[PDB]
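Enquirer: I need the structure of the sequence given here:
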Amino acid sequence: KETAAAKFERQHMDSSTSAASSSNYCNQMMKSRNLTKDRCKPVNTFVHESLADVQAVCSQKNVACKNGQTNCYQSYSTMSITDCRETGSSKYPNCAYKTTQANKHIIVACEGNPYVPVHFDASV
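Expert: Numbers count the residues shown, from 1 in each chain. For reference, the structure is listed below:
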C-alpha cells in the first residue's frame, strides 16, 4: 500500500509545471492523480516546486496546524501553488474543478523518520 508520504506526493506535488495557466489544469490533474474514484475529491492543492524544496519545509518555520497540533511547518517563501475546487455544476463521474493559481506560503504537516510532508494543511 501507498504510504502517507507517497499519498502526499501524488495528491500535492506537481514539480514538472511551473504554474497552472490553463482553466483545465485541475480537471486533468485531479483525474490523472487518482482523485476522482467513487466521488470527486472536492478540494485539493498542487505545489509547483521541486520535491526536495517541499521536503525542506519540514525544517522551516514551525507553526501550529489548523487543528492546533504542533507538527506543521510554514515555508519561509511563497511557493507556486494551484487550488482545485469542485465547481457548483460538477456532477460525478464528470468531475469539474475551478483552477486558481497563486504564490502563497505553504503549511505542511510532517511525520515519520524520515520526517517528511504527509498533509497539505493550509496556504497563507
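
Enquirer: Which residue ranges of the chain form helices?
Expert: 4-12, 25-32, 51-55 (DSSP state H).

Enquirer: For residue 27, give me its contacts.
Expert: Residue 27 is in contact with 95, 96, 97, 99, counting by CB atoms under 8 Å, 6 or more residues apart in numbering. No exception for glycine: its C-beta is placed from N, CA and C like everyone else's.

Enquirer: now these in a markdown table, with neighbour count and distance to residue 8?
Expert: Output for the contacts of residue 27, formatted as a markdown table (neighbours: other CB atoms under 10 Å; distance: CB to CB, whole Å):
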| residue | neighbour count | distance to residue 8 |
| --- | --- | --- |
| 95 | 20 | 21 |
| 96 | 16 | 24 |
| 97 | 28 | 19 |
| 99 | 20 | 20 |
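
Enquirer: and which of these is nearest to residue 75?
Expert: residue 99 (21.2 Å; CB to CB).

Enquirer: what are the bridge partners for that closest one, then?
Expert: Beta-bridge partners recorded for residue 99 (DSSP bridges): residue 84.

Enquirer: Over to the one 10 residues further on?
Expert: Beta-bridge partners of residue 109, counted by DSSP bridges, are residue 72, residue 119.

Enquirer: picking up where we left off before, between the helices of the chain, which one is closest to residue 111.
Expert: helix 4-12 (6.7 Å).

Enquirer: Could you list the buried residues of that closest one?
Expert: For helix 4-12, burial by neighbour count (16 or more other CB atoms under 10 Å) applies to 5, 8, 9, 11, 12.

Enquirer: With distance to residue 103 added, can I get those residues in a markdown table?
Expert: Listed next are the buried residues of helix 4-12 as a markdown table, based on distance: CB to CB, whole Å:
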| residue | distance to residue 103 |
| --- | --- |
| 5 | 25 |
| 8 | 20 |
| 9 | 21 |
| 11 | 20 |
| 12 | 16 |
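
Enquirer: which stretches of the protein form strands?
Expert: 43-47, 61-63, 72-74, 79-86, 97-104, 106-111, 116-123 (DSSP state E).

Enquirer: Thanks a lot, catch you later.
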